[PDB]
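Visitor: This one's a deposited entry, sequence included:
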Amino acid sequence: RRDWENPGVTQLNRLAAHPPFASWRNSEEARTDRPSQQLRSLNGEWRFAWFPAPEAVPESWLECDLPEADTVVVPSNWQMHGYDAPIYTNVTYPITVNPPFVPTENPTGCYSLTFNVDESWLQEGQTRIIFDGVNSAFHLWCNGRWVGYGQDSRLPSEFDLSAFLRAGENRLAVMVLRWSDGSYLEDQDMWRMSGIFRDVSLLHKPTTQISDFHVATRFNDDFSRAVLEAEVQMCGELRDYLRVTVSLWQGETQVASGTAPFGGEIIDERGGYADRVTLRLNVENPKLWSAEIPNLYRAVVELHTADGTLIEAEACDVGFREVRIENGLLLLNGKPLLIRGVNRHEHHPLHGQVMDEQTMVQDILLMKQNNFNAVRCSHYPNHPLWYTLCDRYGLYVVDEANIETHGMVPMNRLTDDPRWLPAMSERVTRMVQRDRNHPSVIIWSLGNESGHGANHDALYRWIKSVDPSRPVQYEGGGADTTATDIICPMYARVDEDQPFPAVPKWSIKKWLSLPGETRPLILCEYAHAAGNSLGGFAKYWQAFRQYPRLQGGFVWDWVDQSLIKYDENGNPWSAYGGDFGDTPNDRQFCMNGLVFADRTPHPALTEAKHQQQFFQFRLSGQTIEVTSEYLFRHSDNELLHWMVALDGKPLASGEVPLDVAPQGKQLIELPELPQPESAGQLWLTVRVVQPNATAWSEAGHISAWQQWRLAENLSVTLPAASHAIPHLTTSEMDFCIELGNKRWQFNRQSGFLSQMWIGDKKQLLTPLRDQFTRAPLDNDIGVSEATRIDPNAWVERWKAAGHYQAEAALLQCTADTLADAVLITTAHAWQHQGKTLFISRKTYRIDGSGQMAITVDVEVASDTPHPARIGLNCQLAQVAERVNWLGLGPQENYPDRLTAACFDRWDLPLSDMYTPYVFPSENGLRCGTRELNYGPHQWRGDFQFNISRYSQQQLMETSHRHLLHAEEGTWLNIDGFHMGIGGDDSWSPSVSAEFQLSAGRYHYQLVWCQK
Amino acid sequence: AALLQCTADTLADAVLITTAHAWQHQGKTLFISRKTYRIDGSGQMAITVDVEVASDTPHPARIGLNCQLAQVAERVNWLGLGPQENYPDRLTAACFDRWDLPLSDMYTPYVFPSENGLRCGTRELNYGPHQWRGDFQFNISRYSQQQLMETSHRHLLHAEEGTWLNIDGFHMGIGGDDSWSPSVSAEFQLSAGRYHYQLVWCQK
Ligand SMILES: O=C1O[C@H](CO)[C@H](O)[C@H](O)[C@H]1O
Ligand SMILES: [Mg+2]
Ligand SMILES: [Mg+2]
Ligand code: NA
Ligand code: NA
Ligand code: NA
Ligand code: NA
Ligand code: NA
């Protein structure tokens, strides 16, 4: 019947969806959430065999293990074991678009397991098997007998095996299909894999059982009083002696308990539900749940007899919180939320899409440590443990249905088709039935990029009807359709409108006030962190803080989707689209995370942490005003450390305890600061430190910081006259300046300083020349599809203008001797096919003190695309271990992404001055630098710089970081100016006007000398 | 202005004058101006100005040069934004072109006297035998900035001997969102800390 090519059949013999069950036969264990003997894991070693199509599977496999099969670990994606290649494609379906058909060559994975089952499980009750995740469709057999079928890769499929099992040894046989009609609803921009990638278990339930239960919590006006309501449903034979007891616990203290026989209130003309009962428990002064303080209670649902015999128990963590939209604002416990969130895919560099507790916890810790309080399940229901962790650690979750049909034309072709309503409804309804009891889930999502169809409006209302406790959102069709309670655009800009036809992305500030609009606005996706990105991030947060209805958003995204591969030497390297022979593919577009696949931070993470701080500061005189953005907690684990320094040198510091109420302010007056010893700029730096450790952080964790320029004393003291005078040696091909053991050689043909000698040691490997280009960042290249070549992308404009090909032409090179120095004057014109792109005029002044002052004045043709940078570069013959500088740091920072950086004296090993982006590009820059020290060299002025063993040329021509090779010496790039990196999105020019080098005329001056 | 440095150097085809000043008050150095005047064999004086402004002093109204020329001409010819008065935050209406107006039109008769008549984005200015080139803002009239701020009514102003010229590399916005509180937007305040501008003064 080829059930995998029929959207009308999404499952066969599958049991109803429901909340997590464990079937405890001991209440104490249900209360403490301890392991349950009635819930067995079948994870471990299984037998697996790969076939090109389901037609190639031998019938023998159904009742006997195939000798050709291997023993593999489950859960797992078979591509990760090497049976076939994982495919990375963004929008374009990996299969021919011809719904509901899939290729005849359909990779088939045949799993089998021989396991034991005790007669005690078969003599009484029900024994069911549970597959938390199978990609993307499968048929189940038990002891050679066909059991059922299932679809939807991100929700569990359960089947009753009570009639197929036998005492002793049993054998399962699962035929998993890579492609099915369900694949048409799973076109998310991520690796395309398959297999039994989530847990498999066996659950025993009594015949008379708790089949479902819903927990709700409503409050009075000030939340000082609450009522917990628990509806419980049963299956089996109804008896007058059956009872249901629901008890609520706060730690070891039982707070409330209620018992009642089955039989619900009258529903309609035919009566009520005799197989259901609702318990209502009163709770005074409940400890409220929030991401700030994840207070949790434990609800225990007991099914028992009047005489006191327990039949079974279920339970869940309960969080007392209310979520509602009122007067245009998303409120939590009556307070307007400010969503500091991020999108997070279930990705592991080695295991693929198999999630483990360790990785989940690591992500959560890093998230909260970096001031995030929310996560969006892009774009499907997550591993069940995820919700438990967000419940306990405290993170707001947007639970999203596994529905994305991005590759359709138009996007809503399937979702506006009633023939697909069934398949869609199951992805939404089964998600709600599974996760509705988790307090962490505060918003439901109908899926992602499936345009907007009538099926969306239908399912939108279904959720509103069955679960009024959570708002529903969906971005397809314009981000503001009738299928969403929240305006949730993706990559809508802060001030700039993008009037696309039919589905415009208005600037978020303008979106809010459109005629008749009243809903709150939270971007489901923004600040695309692909590579060297997050430029302009601060602009979003200034807006979020000023506009009440702009309530944040979810950064895209958390972690790069790179996979581990091994080279000839067997060493691991990070791969992306196309590295597995997968084609078509969208290359590096799968890496858009704030952290690398191994969870190592990208520089952008710190910019995020800074902007998302929960404490805001203002300086007036010597008074620091600290405002709290927390909505529920007082700052009872915060200490403010302040430090004043004169250009890096510490002059004074202290620490004051913070005691600010949520939404409150605290005034802190700094003691009279001693007068700076010399000239320079005083800088005030304050940091909020958490003295005590928490569930998500260690003692001494820094949660917020800010800097301010205080008094400055301009140096009016002119240096002493030098002893010796530099000597000029004019030759036909060179202008050589001599001063003691030092020598500067300027080539008269090129007009560039080609070499420097300190004694007999050459200082340069490459001449000091102007540079107006950079190894293009992901945002410069701007393609979300490898097949598309955007001529409007910055890199194409630069290439087309000849910026990368431009040749310097000497216009002038003269030398002059002054009273105490030698003045070299130069002028170069950079041209491309007759067009003069840039003109650089310089003067080099080498005085008796051995300093070479370099003054640069550049002209940029107003009609050529604004240059990526304006500076100089050279290859220093030396390679030192450290880099020391006075400026912004310690991490990499660009013009539109430097708010998190602080002005101070920084010292790091040379390696840290290079950011290992998987896709190489310009990186490691540090801005606002007044002094740079490397080996014997020292550069002064006001510039931006990067330094490493990789020339811009190699970075630009190398596709993977692991293929880079340390060049001889050290490449230095010092820019008087540098263009912004952008990032609002990575498929169109995103660098804001203020960060484009459009001034036409630029001036900067550097001083090069010996340290 | 406290003189920090004043030197002279003879080059191949030019004389170089280097200077450094520090404007202070109550022992506080407010600004520091470093310049070089390069007069070559063609009679052109290239002036390069680099100024430092203490970060803790209120941003200055302008960063430029001024002098009182002895000559009094009838016309003012310039290549820049015009023909009317325009300031950094009020120049969208002005157009770049060759403008030529009588001296009187370069003065805006506000009843209450103040800085007036500025014209921005000027690459060339001509007055009498003089010509200034670069990329500056300027106002030119028979009234000094001093007289303007000391005189309450326009009818009390008296033409001073010669002509007062104010060539600025940078000028603060004029604001106006209201007239009873600071209203000059941030992007129009001279807060860069270090400013650079150059001019070429010659005869025509
Ligand atoms: O709009 C989007 O942008 C991202 C680009 O990396 C990613 O494809 C998301 O899944 C999609 O919703
Ligand atoms: Mg089907
Ligand atoms: Mg997509
Ligand atoms: Na807001
Ligand atoms: Na992507
Ligand atoms: Na505190
Ligand atoms: Na590259
Ligand atoms: Na006046």
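Guide: Looks like it came in fine. Residues are numbered from 1 along each chain as shown, chains lettered A, B, ... in the order given. Ligands and ions are numbered 1, 2, ... in the order given.

Visitor: residues contacting the residue nearest to residue A:832 when sequence neighbours are not counted?
Guide: Excluding the flanking residues, the one nearest residue A:832 by C-beta to C-beta, 6 or more residues apart in numbering or on different chains is residue A:802, at 2.7 Å. (C-beta placed from N, C-alpha, C; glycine too.) Contact criterion C-beta atoms under 8 Å, 6 or more residues apart in numbering or on different chains gives A:832-833, A:835, A:837 as the residues in contact with residue A:802.

Visitor: got these as TSV, with neighbour count columns?
Guide: TSV is the format used below for the contacts of residue A:802 (neighbours: other C-beta atoms under 10 Å in any protein chain shown):
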residue	neighbour count
A:832	17
A:833	7
A:835	13
A:837	22
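
Visitor: Show me the two of the residues you listed that sit farthest apart.
Guide: Every pair in the contacts of residue A:802 was compared (C-beta to C-beta); the two farthest apart turn out to be A:833 and A:837, at 10.1 Å.

Visitor: hang on, residue A:24 packs against residue A:32?
Guide: No. When contacts are counted by C-beta atoms under 8 Å, residue A:24 is not listed as touching residue A:32 (9.9 Å).

Visitor: And those two? Which one has more around it.
Guide: Taking residue A:24 and residue A:32 together and counting by other C-beta atoms under 10 Å in any protein chain shown, residue A:24 has the greater number of neighbours (26 against 15).

Visitor: Kindly provide the distance from that one to residue A:161.
Guide: With the distance defined as C-beta to C-beta, to the nearest Å, residue A:24 ends up 21 Å from residue A:161.

Visitor: Contact residues of chain A facing ligand 5?
Guide: Along chain A, the residues adjacent to ligand 5 under the rule C-beta under 5 Å from the ion are A:189, A:589, A:592.

Visitor: quick one: which of those residues has the most company?
Guide: Within the residues of chain A next to ligand 5, residue A:592 tops the neighbour count with 26 neighbours, counted by other C-beta under 10 Å.

Visitor: For residue A:604, see how far away it is.
Guide: As defined by C-beta to C-beta, residue A:592 lies at a distance of 10 Å from residue A:604.

Visitor: and what of residue A:886?
Guide: Here the criterion is C-beta to C-beta. By it, residue A:886 lies 24 Å from residue A:604.

Visitor: quick one: which of these two has more around it?
Guide: Neighbours around residue A:886 and residue A:604, counted as other C-beta under 10 Å, are more numerous at residue A:604. The numbers are 29 against 20.

Visitor: how about the nearest residue to the more buried one, chain neighbours excluded?
Guide: Closest residue in space to residue A:604, ignoring its immediate chain neighbours: residue A:534 at 3.9 Å, by C-beta to C-beta, 6+ apart.

Visitor: That neighbour against residue A:527, yeah?
Guide: Yes. Because the distance of 5.6 Å satisfies C-beta under 8 Å, residue A:534 is recorded as touching residue A:527.

Visitor: which of these two has more neighbours?
Guide: Neighbours per residue (other C-beta under 10 Å) separate residue A:534 from residue A:527, with residue A:534 holding more: 31 against 28.

Visitor: Spit out the contact partners of the more buried one.
Guide: Under the criterion of C-beta under 8 Å, 6+ apart, the contact list for residue A:534 reads A:527, A:594, A:604, A:607-608, A:897, A:981, A:983.

Visitor: redo that, cut-off 6 Å
Guide: Under the criterion of C-beta atoms under 6 Å, 6 or more residues apart in numbering or on different chains, the contact partners of residue A:534 comprise A:527, A:604, A:607, A:897, A:983.

Visitor: can you check residue A:491 too?
Guide: Applying C-beta under 6 Å, 6+ apart, we find residue A:491 in contact with A:526, A:984-985.

Visitor: I'd like the distance between it and ligand 4.
Guide: Applying C-beta to the ion, to the nearest Å, one obtains 18 Å for the distance of residue A:491 from ligand 4.

Visitor: Using the three-state scheme, assign the closest residue to that residue other than its chain neighbours.
Guide: The shortest distance from residue A:491 to any residue that is not its chain neighbour, by C-beta to C-beta, 6+ apart, is 4.1 Å, and that residue is residue A:985. Secondary structure state of residue A:985, per DSSP: H, G, I helix; E, B strand; the rest coil, is coil.

Visitor: Do I have it right that residue A:985 meets residue A:529?
Guide: No. Using C-beta atoms under 6 Å as the test, residue A:985 is too far from residue A:529 to be in contact (10.8 Å).

Visitor: Okay, residue A:268 and residue A:212: tell me how far apart.
Guide: Here residue A:268 is placed at a distance of 20 Å from residue A:212 (C-beta to C-beta).

Visitor: These two: which is more packed in?
Guide: Each of residue A:268 and residue A:212 had its neighbours counted (other C-beta under 10 Å), and the higher figure belongs to residue A:212 (18 against 6).

Visitor: bridging residues for that one?
Guide: Residues found in beta-bridge contact with residue A:212 (criterion: DSSP bridges) are residue A:233.

Visitor: Let me see the ranges of the helices in the stretch 451-600 of chain A.
Guide: Counting by DSSP state H, counting those that start in this stretch, the stretch 451-600 of chain A has helices at residues A:454-466, A:508-513, A:537-546.

Visitor: What are the contacting residues of the longest one?
Guide: With C-beta under 6 Å, 6+ apart as the test, helix A:454-466 has contacts from A:415-416, A:421, A:424-425, A:428, A:444, A:446, A:472, A:474, A:482-483.

Visitor: before we move on, the earlier item: now the helices of the stretch 451-600 of chain A in a markdown table, with mean neighbour count and distance to ligand 4?
Guide: Rendered in a markdown table, the data for the helices of the stretch 451-600 of chain A read as follows (neighbours: other C-beta atoms under 10 Å in any protein chain shown; distance: least, C-beta to the ion, whole Å):
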| stretch | mean neighbour count | distance to ligand 4 |
| --- | --- | --- |
| helix A:454-466 | 18 | 25 |
| helix A:508-513 | 18 | 10 |
| helix A:537-546 | 18 | 5 |
